[PDB]
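1. As a preliminary step, the opening chains of the complex are given here in situ:
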Amino acid sequence: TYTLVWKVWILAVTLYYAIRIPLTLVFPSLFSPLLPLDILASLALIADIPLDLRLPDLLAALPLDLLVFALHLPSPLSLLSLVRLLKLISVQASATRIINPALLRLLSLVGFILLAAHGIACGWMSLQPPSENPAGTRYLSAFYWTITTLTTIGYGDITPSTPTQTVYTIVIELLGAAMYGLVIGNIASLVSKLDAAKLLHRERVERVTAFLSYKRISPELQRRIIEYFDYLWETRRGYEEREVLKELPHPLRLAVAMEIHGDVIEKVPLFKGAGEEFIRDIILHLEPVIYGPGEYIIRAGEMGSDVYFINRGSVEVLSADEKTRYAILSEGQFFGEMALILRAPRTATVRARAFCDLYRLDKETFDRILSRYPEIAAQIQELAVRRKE
Amino acid sequence: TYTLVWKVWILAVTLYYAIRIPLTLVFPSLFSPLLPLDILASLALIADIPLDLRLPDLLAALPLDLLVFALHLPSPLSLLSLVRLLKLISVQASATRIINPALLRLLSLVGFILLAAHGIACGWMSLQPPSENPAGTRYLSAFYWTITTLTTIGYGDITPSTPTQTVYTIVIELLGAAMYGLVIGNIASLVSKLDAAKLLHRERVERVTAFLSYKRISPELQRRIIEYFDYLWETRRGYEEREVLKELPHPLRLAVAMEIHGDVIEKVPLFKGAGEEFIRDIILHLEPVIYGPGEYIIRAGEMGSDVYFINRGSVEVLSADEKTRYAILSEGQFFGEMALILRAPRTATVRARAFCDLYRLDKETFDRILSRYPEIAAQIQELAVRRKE
Amino acid sequence: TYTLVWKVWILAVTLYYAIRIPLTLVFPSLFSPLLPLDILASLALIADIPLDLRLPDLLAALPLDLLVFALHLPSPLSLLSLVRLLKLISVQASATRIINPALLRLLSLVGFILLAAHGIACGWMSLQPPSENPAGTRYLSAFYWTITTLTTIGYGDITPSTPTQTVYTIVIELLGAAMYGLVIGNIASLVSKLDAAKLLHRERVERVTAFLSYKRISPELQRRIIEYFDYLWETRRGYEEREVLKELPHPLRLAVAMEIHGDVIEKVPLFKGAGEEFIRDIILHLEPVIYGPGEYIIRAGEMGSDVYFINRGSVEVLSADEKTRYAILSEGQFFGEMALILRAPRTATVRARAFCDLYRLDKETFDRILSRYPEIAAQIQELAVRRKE
């Protein structure tokens, strides 16, 4: 690729102007060594209108720079040489078309502060009287004053002394010390905006835990829920698969679900090779669910028939009481299907042996796909009639 | 119109007082040239009670001004000449009856700051001792002090030196440096309140995109959803037509829907000339929906019959497989209607060729309008029986 | 009543202590004239335990004050004479049991600031060296310093000069300049918390108005919705009668609805004298609804029968077209009832003549009360069969 390099070179050039132009405006001793670099940048400035596949980018290309510096034009006209800074408000969104978007918006709001402070400090040095000082010390004092004023510290060791400096200080205090607070608050808001899934899950578990304690609850149950919440966060990161997909259209939701539940399909024997249209029919009706250890799922005698497709874990299916346990199931298997095949209530208790994660499909869709597909119905029928001993 | 000019002249006059009255209170050298202007303004002040088609506007008309300045009355009585400023809290809502309301509330909260700062600076100059200084410099120093104090910079180069100045400074610090923060925070809140549709759509797409990546998703699908979101924002601006109309009453919602869906009616042949009562019956049951390119809509054999009225785009209707594609449809046409006419499942696959935007009406309302209207039912019946080849 | 006076006297006494005790701690010249007042207050302090129909009120009664001041006890023991300030954190909720609760919480958060600032200023004067200054000037300077430090202005004209003053300044900066910001933010939040109904209705109408304009809408309809919203705010203040009553229990909701809809009952002839149990049955099923001028309600031929009990306004019932309009209805009347009496569709169009406010009861409850009550059913039957001409 080459857009990723071109839009980085453009950023490095529009920052080069943003740093160099005011420093040349205050120090006329420059522009002698830095002319080839400036023209090499400007030819790239005019080399972007053809590569457009709005108006601020048009203003930036015209070279008012190279003219004011060459003709030592008077200060009021020359101050308008800042038109090349208009690419800054046209690139921060053009360079956004490329990591976390929130992270790019924290780095962008810093560079803006460090450029505005440099501009204000450079403007402040221009209004001071002519003194025989090194450029480094004179710039350091101006930057120190600008950081003191913007942060609203106000040491007062150096202060304006002339009416024009007083007016400049008033303007900077009025509309520079308030915008800094806005940018700092935005930086705080979008550094808090990071990893919001953790900040949501933590708030949820705190809200649950507060109530589980006003009503005093046995520690053997109080610690059993924290384990489940830790497991849910540790296997799912607090994300929920329903509210995220609520806004996507049904074909796009179908395409996403074809990717997320890519593990349970083609794992159980009767999903791989079952076709394409059946899996497309059923992929939107399976819910994740998590069952803890020693935690019953089927109680051997109630109504209803929900089938549990095991994704990971193991169950310990038993009769009414223990009495020589029937068998054990593992990953890539399912149970609880013959309650609807034989139109009979549950015949055996099922309890998990570890933190099982498994997918449940309701009775309604199951009977629909029994009445809709013959091979699947025949397979479940023969498996149910065979598993009777 | 003339209200739009009168309520601007009134604003320009009530700002004229807000600027002139304290400056005349501190400098008695005025009131000599500015008497005809003040009486010309005051006659407009008393020319608004008849044009009332509450109490602060009544206080403002009485001319306490013109009296205190003429009679050089002592300072305690004269300070109460500020009653003409009471029109400010009666006009900012009267001038609101006229652009973005949020924008008018950002401009209003600025002028308030620039008027309060001027008032505080003017009050500060009055308490200083009698010195032979130009009025401009003495006002500039006072305004510099006021901006320093309100912004909470606190340079300290000029400070109160008398007990009365100390009390004034204490009052300004207590109830002027905190209100400024409130107004600045309000300005920030209602400049963030602007273009909230973009700030909602961006948050929604960021929330979706965060989860589509913890579960690693193929780039060919990861980039396919961003395209759909960009198209939705680019054709709809993130607005949703359901929550906005949830609060409007049913006749007003009907009237609005008569305007929003003004393109699909009188475009398809059987909506123009179909009457008024039928269109009024159906206009609230069509949903927008967006289908991407190469994205199937009908899969040729499932149950149900939802009719898709094409608004813009084109479909590529096919049989079970390709095998000499049937035909092609374009704007101002509809399909998927003969599944309910013949009480038969779908007979042909339909897939979009571009980013199609089209309106879907459910089976229930369709069968209702078939059983309710004879001409429409006959037209759909003959069209369905004709389109069989 | 006498609680309203006693709990005001108690406030005036616990503020008397909060102002007097530190001022006596720093100036020992007091306690000579102000002894009878202090004992008169203290006897009321001990006169509240019997009037208890928790522990801070017990600490406050014991008179550590009257002892430290009398015995000129050394400074470390005497500083613990501030136990009488513990009534402040026991009264602000006891005096709350009495206007807007939010307003009482804005006044309370001010007095707290003005008491904390006074305490900090009084503490600061005690640490300064012995100088021959008037008490007023010495207190004014201390209060000026405290307001400068708390507000984070930091003029720096007067600063700590000794290690103990440095430690005191560090403590005040650390835990006094941050709490002030918290209290100011709370004051802002609960002055914004006032009149929240207007702030909700304004936000709702702004949200609606933003979308009605991206889709360009005729001015004759764009101004017709603003009129309806203005009328709704002007007759209802933006309150909704459903979400407010969602949390009240059904008997309390019934009792409230017996009061809110006190105008439509005993206005229409067949509600007054209809009993008590019938009105109690129907009072929870009538909804307010607002219809604009020239805005149809019934379209003469559709299905369904909803009865509209007119509360205020007038309707202009017509046939299919105008053709010598049938009649006119006014307040305390109802229409649209014979559609269910004769099991026939609507026979006449109804349109409002002004901004009508009226109550609608659905068909289900209507047929229920027809099948449940004979006199009401007979009255509606004879009225419907009579109104046919």
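-> In hand now; what should we look at? Numbering: from 1, shown residues only, chains lettered A, B, ... in the order given.
2. any idea how far residue C:144 is from residue A:152?
-> Applying Cβ to Cβ, to the nearest Å, the value for residue A:152 to residue C:144 is 20 Å. In short, each C-beta sits where N, CA and C put it, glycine included.
3. centre of the chain versus stretch A:211-227, how much separation?
-> Relative to its chain's centre, stretch A:211-227 lies at 33 Å (Cα atoms, centre = their mean, to the nearest Å).
4. Repeat that for stretch A:224-231.
-> The chain centre lies 26 Å from the centre of stretch A:224-231; the measure is Cα atoms, centre = their mean.
5. List the contacts of it.
-> Contacts to stretch A:224-231, defined as Cβ atoms under 8 Å, 6 or more residues apart in numbering or on different chains, come from residues A:201, A:205, A:208-209, A:212, A:290, A:292, A:355.
6. Make JSON lines from the residues you listed and add secondary structure, neighbour count and distance to residue B:174 to it.
-> JSON lines is the format used below for the contacts of stretch A:224-231 (DSSP: H, G, I helix; E, B strand; the rest coil; neighbours: other Cβ atoms under 10 Å in any protein chain shown; distance: Cβ to Cβ, whole Å):
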{"residue": "A:201", "secondary structure": "helix", "neighbour count": "17", "distance to residue B:174": "44"}
{"residue": "A:205", "secondary structure": "helix", "neighbour count": "17", "distance to residue B:174": "43"}
{"residue": "A:208", "secondary structure": "helix", "neighbour count": "12", "distance to residue B:174": "44"}
{"residue": "A:209", "secondary structure": "helix", "neighbour count": "13", "distance to residue B:174": "43"}
{"residue": "A:212", "secondary structure": "helix", "neighbour count": "13", "distance to residue B:174": "46"}
{"residue": "A:290", "secondary structure": "strand", "neighbour count": "16", "distance to residue B:174": "57"}
{"residue": "A:292", "secondary structure": "coil", "neighbour count": "14", "distance to residue B:174": "59"}
{"residue": "A:355", "secondary structure": "coil", "neighbour count": "18", "distance to residue B:174": "60"}
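7. Residue B:308: which of those is nearest?
-> Checking these against residue B:308 by Cβ to Cβ gives residue A:290 as the nearest, at 39.7 Å.
8. correct me, but that closest one touches residue A:297?
-> No - using Cβ atoms under 8 Å, residue A:290 makes no contact with residue A:297, being 11.4 Å away.
9. one step back: with neighbour numbers in mind, choose between residue A:152 and residue C:144.
-> residue C:144 (22 against 18; other Cβ atoms under 10 Å in any protein chain shown).
10. which SS class is the closest residue to that one other than its chain neighbours?
-> The spatial neighbour of residue C:144 that comes closest, neighbours along the chain excluded (Cβ to Cβ, 6 or more residues apart in numbering or on different chains), is residue B:166 at 5.3 Å. Judged by DSSP: H, G, I helix; E, B strand; the rest coil, the three-state class of residue B:166 is helix.
11. What separation do you get for residue A:228 and chain B?
-> 20 Å (Cβ to the nearest Cβ, to the nearest Å).
12. how many neighbours does that residue have?
-> Residue A:228 sits with 15 neighbouring residues when counted by other Cβ under 10 Å.
13. Name the residues of the host helix or strand of it that come out as buried.
-> Using DSSP states H and E, residue A:228 maps to helix A:219-236. Buried residues in helix A:219-236, counting neighbours by 16 or more other Cβ atoms under 10 Å in any protein chain shown, are found at A:229, A:232-233, A:236.
14. okay, now chain D:
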Amino acid sequence: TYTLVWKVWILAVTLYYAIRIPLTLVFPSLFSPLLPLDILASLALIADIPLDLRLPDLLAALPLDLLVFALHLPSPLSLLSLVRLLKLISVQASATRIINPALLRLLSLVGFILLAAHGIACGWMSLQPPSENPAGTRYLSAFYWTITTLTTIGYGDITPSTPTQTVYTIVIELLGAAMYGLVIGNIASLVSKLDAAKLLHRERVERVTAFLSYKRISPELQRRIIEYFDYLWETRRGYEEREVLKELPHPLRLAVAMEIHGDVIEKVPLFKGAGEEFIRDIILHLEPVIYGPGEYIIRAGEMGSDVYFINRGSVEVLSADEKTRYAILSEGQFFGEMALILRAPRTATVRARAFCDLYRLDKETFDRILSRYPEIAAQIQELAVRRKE
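-> One more chain to add, chain D, which I have set with the ones above:
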């Protein structure tokens, strides 16, 4: 237990380093007495990798400390002796695995401020010139400067005077005066996050009370709702048993409900000894409900049959009118069950005598458990047929 002591010793050691290391870096006169303590701490630092039942804890164990201080290595290499502070960002979550989580997060955000301020003050003393001053005064001045700068007071009595001190001050102002605001705002947010149930109930009752007054409501009803809200808060603390349990899985919700409703089971005669499976069936279908004094529940003649299991309070069952009241019921009893036993409407009015709290089970589940269990059905049948006189 011993983890609770070990993870406190580790905290006390990692704070010992955080306080001692910079103070030794600036004052080389130390490290002579404090060597055995440092090695005793370091042996515990290396005694935690075996007790791991990530990478910052590995960096901390290696003893760069003990080396730089012993070898008086030059300042640039020695500044990297701060690696032992990396345990701070590994313990604040390890010590979290142990009171209110929000409270632990307010104490943690304080200690962080007091450690950062100490570090910045210690760094500031190192850059000052060599002066004959006591260590205490030199540290006090540095801490005073750091608190002044971080809080953004800016007294200006002591300011940087060298370019390196200017650069240090610029860095501290830029990234130390903004982080302090973030931490203070977080402290405010999570001290407001405390006791959120009260802050929710107060907001709810304020929202209800605002509307009950625009529509003027009789004081005898206006004060009757405040009593109910006070009773609900005073017996329930504003918590709701439905939204809290919405996220728990059905077995965990069942286990929690087995604990919360531990008072009504085994209180009424026919719940204790009724088994285990019946109580497990019914425990999720009983709702709390609160009825006020003199507040009717059953009106003797309507349809439906909801049974009210009395938990606390007493009812005053009456006939159509008073006429020698039937009887009185108390705790551990139920009524309103023979409306479904005999398929007849209600026969007697019921009204509470005090603030009754009782559990209601709907008709559907009741008839289900009648048709599902014979002993319970027989008991209710014989009790209903016996209670007829």
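15. Chain D added, so what about the neighbour count of residue A:228 now?
-> Look at residue A:228: counted by other Cβ under 10 Å, it has 19 neighbours.
16. do the helix holding residue A:228 and chain D meet?
-> Yes - counting by Cβ under 8 Å from any Cβ of the partner chain, chain D has neighbours in helix A:219-236: A:221, A:224-225, A:228.
17. and the one helix or strand residue A:308 maps to with helix A:219-236, angle?
-> Residue A:308 is part of strand A:307-312, with elements assigned from DSSP H and E. For strand A:307-312 against helix A:219-236, the angle by axes from the mean of the first three to the mean of the last three Cα atoms, to 10 degrees is 80 degrees.
18. Sheet-wise, list the partners of strand A:307-312 with their directions.
-> Strand A:307-312 has its sheet partners listed here by DSSP bridges as strand A:334-335 (antiparallel), strand A:356-361 (antiparallel).
19. From the rest of the structure, what touches the helix or strand hosting residue A:42?
-> Using DSSP H and E, residue A:42 falls within helix A:35-45. For helix A:35-45, contacts defined as Cβ under 8 Å, 6+ apart pick out A:9-10, A:13, A:16-17, A:20, A:31, A:60-61, A:63, A:65-66, A:84, A:87.
20. Quick one: distance of that helix to the chain centre.
-> Distance, centroid of helix A:35-45 to centroid of chain: 37 Å (Cα atoms, centre = their mean).
21. Pull out the buried residues from that helix.
-> Those would be A:38, A:41-42, A:45, for helix A:35-45 by 16+ other Cβ under 10 Å.
22. Identify the residues contacting residue A:312.
-> A:331, A:356-358.
23. Go through these and name the one nearest residue D:78.
-> Nearest to residue D:78 out of the contacts of residue A:312 is residue A:357 (Cβ to Cβ; 51.8 Å).
24. Quick check, that closest one in contact with residue A:308.
-> No - here residue A:357 does not reach residue A:308: they are 10.8 Å apart, not a contact under Cβ under 8 Å.
25. More neighbours: which of these two?
-> Neighbour totals were compared for residue A:357 and residue A:308, and residue A:308 leads with 22 against 18 (other Cβ under 10 Å).
26. shouldn't the more buried one be in contact with residue A:334?
-> Yes - assessed by Cβ under 8 Å, residue A:308 is found in contact with residue A:334 at 6.4 Å.
27. need the contact list for the closest residue to residue A:238 other than its chain neighbours.
-> The spatially closest residue to residue A:238, leaving aside those adjacent along the chain, is residue A:201, at 3.4 Å (Cβ to Cβ, 6+ apart). Contact analysis of residue A:201 by Cβ under 8 Å, 6+ apart lists A:229, A:233, A:237-238.
28. Quick check: the farthest pair among those?
-> A:229 and A:237 (12.6 Å).
29. for the stretch 151-300 of chain A, what spans make up the helices?
-> A:163-176, A:179-192, A:196-214, A:219-236, A:250-260, A:277-282 (DSSP state H, counting those that start in this stretch).
30. Can you mark which positions in the third one are buried?
-> Which is helix A:196-214. A:197, A:201, A:205, A:208, A:210-212.
31. what is the orientation angle of it with helix D:219-236?
-> 90 degrees.
32. How far off centre is helix A:196-214?
-> For helix A:196-214, the distance to the chain centre is 22 Å (Cα atoms, centre = their mean).
33. Could you do the fourth one as well?
-> On the basis of Cα atoms, centre = their mean, helix A:219-236 is displaced by 26 Å from the centre of the chain it belongs to.
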